[PDB]
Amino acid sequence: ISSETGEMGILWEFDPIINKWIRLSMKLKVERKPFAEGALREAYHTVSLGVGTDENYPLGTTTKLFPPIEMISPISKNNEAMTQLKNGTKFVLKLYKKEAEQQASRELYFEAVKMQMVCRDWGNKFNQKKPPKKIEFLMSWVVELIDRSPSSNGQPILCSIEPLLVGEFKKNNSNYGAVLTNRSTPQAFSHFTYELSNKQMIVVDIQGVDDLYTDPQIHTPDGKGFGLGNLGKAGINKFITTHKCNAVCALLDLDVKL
């Protein structure tokens, strides 16, 4: 943690193989104006001023705590943040637009970051089949900007952070059936997660730079979890109407009927 001018934050990393959250702290310097925007959020350039422990900021009460205490690792010595967010790193911070900040609760920040980590595992499962192009999803973290005056409201300011992508950012499909590029690997990764999960999930909203992807969305047949972008059977079926499995689908031996 550098003594340089910045702001403090509580840092949250999710580890799927142990299925627990890792609680940390960091200092960061955010630019005043955003450099890009989506439908719901704005993105800011940020520089890391160091990652440390959370010893100075106790959780206090177990009751009403989210995420719950049983989902929190008691040891935080190992994590991705210490290398990928080390002092000097340039990264990206994302805030919700006001409005609709009204549709962003504390649970949805953690649910969104857990969803990206889940998609990150599917990328590794995809890469084990040795496709022509390997895909990879970026890390993602929840950060509580504790130095910023709470929404009033009375809730602290939350955000998500992730590594910086350098290059042309392109969206390949949406979360409701659009096919926006001629590339085969993004659609085939979608034709892949739906079949290999036995139709329990599909990963769409495949976007990013080259084969580094971020901000995916998951549909599940019951429509539960994975945020408000989970359109259930409708989202799954909408992908099937516009999908043509391709040479990558064929190479992965996916079923041409869905």
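All residue numbers are counted from 1 along the displayed sequence.
For the two regions 60 to 68 and 23 to 31, the entry's Cα B-factors average higher over 60 to 68. Higher mean CA temperature factor, per the PDB entry, when comparing 192 to 200 with 39 to 47: 39 to 47. Of the residues listed, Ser160, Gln187, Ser174, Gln116, the entry assigns the biggest Cα temperature factor to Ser174. Taking only the listed residues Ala100, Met139, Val142, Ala112, the entry reports the highest CA temperature factor at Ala100. Per the deposited record, the Cα B-factor of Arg148 falls in the highest third when ranked against the other modelled residues of its chain. When the modelled residues of the chain are ordered by their C-alpha B factor, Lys125 lands in the lowest third.
In this PDB entry, the Cα temperature factor of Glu55 sits in the top third of its chain's modelled residues, the highest group.
Placement of the Cα temperature factor of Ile218 within the chain: middle third of the modelled residues, per the deposited record. Sorting the modelled residues of the chain by their CA temperature factor places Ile18 in the lowest third.
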